[PDB]
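A quick write-up on the structure given underneath.
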Amino acid sequence: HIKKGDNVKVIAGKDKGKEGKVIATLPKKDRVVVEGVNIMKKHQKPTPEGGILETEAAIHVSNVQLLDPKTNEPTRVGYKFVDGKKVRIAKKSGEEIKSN
Amino acid sequence: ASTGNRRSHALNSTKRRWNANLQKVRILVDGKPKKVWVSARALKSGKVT
Amino acid sequence: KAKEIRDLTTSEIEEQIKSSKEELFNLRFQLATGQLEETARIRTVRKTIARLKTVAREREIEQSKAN
Amino acid sequence: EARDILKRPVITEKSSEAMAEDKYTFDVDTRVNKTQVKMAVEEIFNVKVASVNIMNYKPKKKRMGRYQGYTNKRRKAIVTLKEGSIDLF
RNA sequence: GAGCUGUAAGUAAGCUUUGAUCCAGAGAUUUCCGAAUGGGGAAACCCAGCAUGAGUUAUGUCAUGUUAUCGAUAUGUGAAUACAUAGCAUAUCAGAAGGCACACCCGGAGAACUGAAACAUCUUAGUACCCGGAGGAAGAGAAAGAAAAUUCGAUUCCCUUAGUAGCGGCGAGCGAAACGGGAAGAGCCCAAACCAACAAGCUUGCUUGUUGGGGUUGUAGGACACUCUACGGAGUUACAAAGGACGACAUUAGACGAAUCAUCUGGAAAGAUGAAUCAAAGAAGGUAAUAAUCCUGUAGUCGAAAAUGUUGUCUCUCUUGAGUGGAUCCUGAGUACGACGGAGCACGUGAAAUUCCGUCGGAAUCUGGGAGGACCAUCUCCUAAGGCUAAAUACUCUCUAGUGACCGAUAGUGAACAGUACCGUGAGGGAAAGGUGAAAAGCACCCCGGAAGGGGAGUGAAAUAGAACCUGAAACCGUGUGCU
RNA sequence: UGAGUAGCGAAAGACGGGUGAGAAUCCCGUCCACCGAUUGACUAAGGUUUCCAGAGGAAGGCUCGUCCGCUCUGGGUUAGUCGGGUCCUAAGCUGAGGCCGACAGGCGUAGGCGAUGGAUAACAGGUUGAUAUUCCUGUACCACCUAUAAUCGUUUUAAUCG
Ligand SMILES: [Mg+2]
């Protein structure tokens with residue numbers, strides 16, 4: 001489960017192996033947007049004259065994995081209660097720095 | 001006044017009623033006397049005029 | 001705003017309702033003549049009026065039980 | 001009650017040419033009579049009302065993509081005043 | 001615990017880590033009609049009285065309360081009529097009224113087509129329809145019973161007895177019960193004799209009334225006579241009733257939850273090939289093809305501020321129980337029965353006993369009364385004419401969790417997008433209509449054309465996937481050709 | 001398929017100019033023709049936005065269409081006196097108590113409701129694309145309330161009201 005500012009890795013699709021970072025979330029369809037991944041080309045009409053534009057489209061969230069902060073490998077995520085508050089762990093190391 | 005059958009000699013059947021022998025007499029009802037319908041059998045039995 | 005409202009005395013609340021209703025009237029007149037451009041204020045003022053009425057009914061209910 | 005009797009002003013070309021005289025057009029709650037309208041205008045705008053006329057409008061049929069319905073019914077009031085003027089835009 | 005302002009896409013303007021949107025519990029608000037109830041009325045409207053209040057020089061206007069009919073409970077008053085009474089008036093209470101899944105249950109009233117190879121007794125059938133009353137069940141229920149052993153011991157339901165015994169234009173057809181095997185199991189309160197009081201007549205004797213106690217049955221019990229005895233038991237599901245405390249479970253939101261990498265083909269891998277790992281978890285669904293190890297989950301374990309529902313332990317609240325005498329007193333009356341006319345019992349009035357309704361008659365009192373299929377005698381069993389009672393049983397418009405050698409868009413609900421288009425004055429009848437793609441990346445720009453349509457270019461793995469969008473049969477309509 | 005077949009729903013049009021991609025069919029003009037106890041002008045029932053302006057031409061229009069009672073966007077109905085209610089009653093319908101009836105319910109007294117009838121105060125002119133006895137100007141009338149007042153004189157009576 002990934003937040004808005006993390007640094008992830010793509011594990012499925014055309015762009016498998018790229019890193020990028022998250023910029024949008026869309027939780028109702030569970031599809032994130034990652035920079036430089038899944039780029040599309042739109043035909044926009046004049047609204048100024050338009051033309052072909054390139055932006056990123058959303059990818060399904062289960063095609064993305066976080067990176068172990070220490071060893072820098074993909075990992076799943078668990079939870080832990082500290083100070084009576086929930087944090088994220090890397091299933092291969094300790095705490096996971098996710099402030100922004 | 002329940003219902004029943006009238007029977008012929010060939011035993012054909014038709015619906016029919018038995019009525020009660022109601023009479024209009026003046027009986028003592030709470031306080032003032034009133035004039036109501038009462039059967040003759042109930043009159044012979046359990047009520048005073 | 002519900003915690004801020006509960007500090008007001010019962011006569012301040014009436015004056016506040018009377019002012020919010022006027023403020024809302026003016027916005028609806030501006031919207032009709034076509035010069036408002038900030039349409040999000042209309043819902044805000046309506047919700048404040050609803051909160052004021054809720055807090056006013058609470059006190060009147062509560063005191064009658066004590067009486 | 002006064003801010004609840006008057007709903008909004010009507011701005012059209014007939015209403016504007018009426019405003020060339022001293023007549024102003026309003027949409028009002030559909031339950032009020034013209035005496036309430038007269039007393040509400042005087043309280044809100046601080047003027048002197050000479051007269052007031054009213055009329056009812058039926059609901060109209062209308063479409064939005066194979067969805068047949070009706071608009072709201074409405075009540076319209078025209079207020080002539082003796083002294084003063086109402087500032088609008 | 002980071003996004004959010006319905007389906008619902010946009011833009012605008014905004015909200016949110018000082019915790020929003022969202023989920024559960026409890027509150028507040030809740031226009032008008034409708035039993036509709038101030039009066040009226042063509043529902044969703046019109047017109048009022050009374051009392052407060054705002055406003056106005058004052059009227060007009062507005063706001064808030066209250067005002068149906070029957071019923072109950074008080075008070076006052078009182079006609080033909082003297083007392084009285086019928087009425088009448090005032091004030092408190094809020095008892096009824098209407099609706100439904102009204103499926104199942106209990107009552108009232110009750111067909112015909114049909115079968116009998118016609119039809120009338122009979123059958124369809126006490127079925128359909130209509131009306132009334134209710135409950136989570138209802139009804140029945142504690143022997144005036146079943147029987148014929150050496151008996152049993154309230155009721156209901158299941159299996160058998162058995163298509164037997166019986167009934168029947170002895171035709172068509174209708175059709176039990178006891179014994180035996182099981183589910184469940186529970187018993188009680190009155191009326192009367194009598195006693196103690198109180199009260200009116202009365203003459204203080206009696207009568208009657210009111211309260212309380214007592215008391216409840218068959219190989220007879222109880223009153224009375226006498227002799228032996230006391231707070232432990234009992235309880236809100238009948239057996240009398242209220243309400244407190246502290247607990248324990250279960251709902252109604254949730255939380256944690258093991259383990260995988262690489263190459264090939266490809267638009268994309270979960271597939272193939274190779275090497276690994278978890279399992280109290282290899283249910284299931286998603287993810288760009290087919291995943292135990294990617295996501296949501298699963299096995300397992302944890303969790304409630306608040307409101308409900310059960311259930312314990314205290315509290316609480318009630319209350320003596322035996323024996324002998326047995327025939328001195330009490331033990332359910334227009335009742336039981338009978339005649340006439342009917343109905344229900346498997347049973348068509350018959351050898352009809354047994355049980356109900358209408359109309360007339362009309363008992364007995366323990367040496368009594370009833371039943372054992374006309375009746376009589378002897379035997380055996382029981383004790384009517386007052387009432388209450390859980391469980392085992394029936395049903396599903398619903399709610400929660402699941403299941404299927406059930407359907408897969410002419411099927412399955414009439415209805416996957418509707419009791420809607422539409423038809424009918426009305427009651428009423430009643431359709432047709434699912435699929436772009438993995439992702440809108442939904443075709444910028446150029447050309448012909450008024451547009452609609454099209455040809456290129458571009459997106460895409462694919463555009464003969466371009467929205468009349470998966471696949472795209474046949475009938476049918478065309479264009480070009482080899483032989484004729 | 002029948003088949004480019006039957007039909008295209010009573011009738012008089014002609015020409016010039018205009019607009020348009022496109023005109024027998026739309027707009028303007030002249031001439032001609034038809035109705036005229038009516039194909040003219042008012043008010044009711046009934047319908048329910050069909051009304052007006054700007055834009056449009058896929059479907060509807062028995063042809064065409066640049067037009068439209070069709071599609072899109074925005075507008076339009078003003079009352080003390082007009083017709084109803086806050087007035088009256090007819091037939092009829094309901095009906096407190098009441099009478100009758102297996103149930104359901106049927107009838108009916110006082111009283112209500114109910115116009116198609118009785119009562120009842122406004123006319124002339126101006127003005128819009130779309131309303132007018134309603135808006136504007138002029139001149140009226142009818143109810144009700146308060147002030148300013150002669151007449152008012154126990155409130156029997158008297159003026160008054162009843
Ligand atoms: Mg062909």
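Scope of the values below: all heavy atoms of this structure, side chains included, with no hydrogens, waters or symmetry mates. All chains are named by letter (A, B, ...) in the order of the sequence lines, taking the proteins before the strands, and each is independently numbered beginning at 1.
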Handout entry: Residues touching RNA chain F, which here means a heavy atom under 4.0 Å, drawn from residues 37-44 of chain C
Key =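 Of all residues in residues 37-44 of chain C, none places a heavy atom under 4.0 Å from RNA chain F.
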Practice task
Please step through side chain to side chain contact (heavy atoms under 4.5 Å, CB included) for the pair A/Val82 and A/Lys80, ending with a clear verdict.
Solution key: CA-CA 6 Å; A/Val82 178; A/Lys80 185 185 57 175; 3.6 Å; yes
Problem - Shortest side-chain distance from A/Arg31, nucleotide among E/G60, E/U29, E/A439 - result: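 Minimum distance to the A/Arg31 side chain belongs to E/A439.
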Exercise for the section: For the side chain of D/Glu13, starting at C-beta, report the closest nucleotide among F/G76, F/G129, E/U287. Expected result: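 That would be F/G129.
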Completion exercise
5' to 3', nucleotides 259-279 of chain E under a 4.0 Å protein heavy-atom cut-off (B base, S sugar-phosphate only, - none) gives BS------SSS----------
Handout entry: Summary of protein contacts for nucleotides 131-138 of chain F, nucleotide by nucleotide, where a base hit scores B, a sugar-phosphate-only hit scores S (4.0 Å, heavy atoms)
Key = B---SS--
Exercise for the section: Considering only atom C1', compute the distance from F/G114 to F/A132 and round it to an integer number of Å. Expected result: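 Comparing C1' positions in F/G114 and F/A132 gives a spacing of 34 Å.
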Handout entry: Non-neighbouring partners of D/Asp27 that pass side-chain hydrogen bond (donor to acceptor under 3.5 Å, both in side chains), sequence neighbours left out
Key =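 side-chain hydrogen bond (donor to acceptor under 3.5 Å, both in side chains) check on D/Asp27 returns D/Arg8.
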Practice task
Please list, by residue number, the residues of residues 46-55 of chain C whose heavy atoms come closer than 4.0 Å to an atom of RNA chain E; answer none if no residue qualifies.
Solution key: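 Under 4.0 Å from RNA chain E: no residue of residues 46-55 of chain C.
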Exercise for the section: Quickly work out the B/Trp37 CH2 to F/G98 P distance and round it to whole Å. Expected result: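 One finds 17 Å between P of F/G98 and CH2 of B/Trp37, rounded.
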Problem - Interatomic distance where CZ belongs to A/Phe81 and P belongs to E/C256 [whole Å] - result: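 Between P of E/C256 and CZ of A/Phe81: 6 Å.
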Practice task
Give one of base, sugar-phosphate or nothing for D/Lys76, where a contact means two heavy atoms less than 4.0 Å apart.
Solution key: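 Answer is sugar-phosphate: D/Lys76 comes under 4.0 Å of backbone atoms only.
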Exercise for the section: Using the salt bridge (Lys or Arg N to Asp or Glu O under 4.0 Å) rule, collect all pairs that involve residues 21-38 of chain C, keeping only residues at least two apart or in two chains. Expected result: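 As it turns out, the salt bridge (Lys or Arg N to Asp or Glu O under 4.0 Å) pairs with a partner in residues 21-38 of chain C, which skip direct neighbours, are C/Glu22-D/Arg3.
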